[PDB]
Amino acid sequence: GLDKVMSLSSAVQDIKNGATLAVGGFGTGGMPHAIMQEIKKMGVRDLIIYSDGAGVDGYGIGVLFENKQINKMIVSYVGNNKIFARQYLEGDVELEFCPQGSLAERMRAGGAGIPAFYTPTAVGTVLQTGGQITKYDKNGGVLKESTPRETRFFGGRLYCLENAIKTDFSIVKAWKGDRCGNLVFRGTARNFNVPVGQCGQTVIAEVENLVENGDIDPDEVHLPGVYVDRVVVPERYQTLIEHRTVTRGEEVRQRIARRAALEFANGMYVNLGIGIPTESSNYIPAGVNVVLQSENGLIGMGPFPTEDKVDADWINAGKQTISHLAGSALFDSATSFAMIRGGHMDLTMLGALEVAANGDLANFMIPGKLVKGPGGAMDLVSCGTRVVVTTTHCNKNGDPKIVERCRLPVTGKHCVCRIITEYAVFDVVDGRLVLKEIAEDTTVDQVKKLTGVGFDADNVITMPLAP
């Protein structure tokens, strides 16, 4: 009926210098790589790009950095993109951060005819207050700072006003597509490709398989054809796998993972951070079913897959190749972060560089030293879900991690419920710390020295660990 097929070169030739783009992809999962190369071939300059990340060294959007085609990047996470981080530090790229769920919802809103919407994410963080270093000069100093966000009260609580994002073009990748533009994605490579296809004026879409109209069930289309302007069928290539993890000294981490595992309960939908939170899922009791949720868009997330099941389309938040359990369900990034922001998870476990007696949490940033970005961290804590920090008690140089107020910039305000460590377990109660447990026959006087705040120690049982 309706045909939108083009060659790779012709579809890309409209993109003028100064063009704003929206690109799907979580790491390399769902990255339109074949189109990013053709953009590089044509030599467009001063590009402004809204994308979850910036691909990686020599892949997807990452490849556009090579001949300095990027003016600005609006992202949530840098990742292992050395060119990007270097060009930002050396004053070649302007880097503006924005939390992952907001970024997805701003794209959706800009496609939905919704100019602005409220969210509790990044409230009280440096992102709302502004001042994060968006651009450097060539020699060392700060050239530009991010502008602040508007705040407003609904109920008792404070929310940020996020503006809609509308781009000149949109680049998406899909597993399948028909001639009239109906895209069908696969695994967690869906992510931003759905809201990315909505926010763009001219959306172009590469497909790993082309099919005729009729060959796709109308009941299975994730991105309907009205959205797509141009479909492209590049030569088939293997998607880059960052961390090819498979199923086949310093383990105070194991002790935290065993206490952390007693936070789980039958019927919980949980999100686990990288490191110790993920470890705690290994120590779950016998018939206690819990569903792990990966923010790139899945529930029913399993351990590393057997060799025979490794797929670039099925990875976790840390870009590690993952499997999935029976009763699984895939969803886009706007839905994924609606699910999170909506408080639909029961337990969110997370590492931390610094955790305050407030309930505050620090990891996101260290100004001009660590510049990874917020990722999905600010969305995971600012929602109403129960948040449990799992971290060591002190830094390796003896300083407390658990403090009164955060010296470091904040991931979220008044969010943390429990703080599990190798020595102790506190609960936050009324913006003030309560010592609930301590480790095997170790003392209350010890932990008191190792943390940088006073706490309630009026009912201290001994810490239990799962087998």
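Residue indices: 1-based, along the sequence shown.
Count class of deposited residues lacking coordinates, residue 236 to residue 237:
Missing residues, residue 236 to residue 237: none.
What stretch has the higher average Cα B-factor here, 435-443 or 42-50?
Comparing 435-443 with 42-50, the higher average CA B-factor belongs to 435-443.
Which has higher Cα B-factors on average according to the PDB entry: 3-11 or 458-466?
On average, C-alpha B-factors are higher across 458-466.
Take the CA temperature factors straight from the PDB entry and tell me which of 323, 170, 209, 363 peaks.
So the option with the highest C-alpha B-factor is 363.
Highest Cα B-factor in the PDB entry belongs to which of 108, 166, 179, 372?
Out of 108, 166, 179, 372, the record gives the largest C-alpha B-factor to 372.
Based on the entry's values, in what third of the chain does the Cα temperature factor of residue 345 lie: lowest, middle or highest?
Middle third - that is where residue 345 ends up once the chain's C-alpha B-factors are sorted.
Give the position of residue 101 by CA B-factor within its chain, expressed as the lowest, middle or highest third.
Lowest third, going by the recorded CA B-factors of the chain.
Taking only the Cα B-factors deposited for this chain, tell me whether residue 195 sits in the lowest, middle or highest third.
Lowest third of the chain for residue 195's C-alpha B-factor.
By its CA B factor, does residue 419 count among the lowest, middle or highest third of the modelled residues in the chain?
Lowest third.
Splitting the chain's C-alpha B-factors into thirds, which one does residue 450 fall into?
Ranked within chain, residue 450 CA B lands in the middle tercile.
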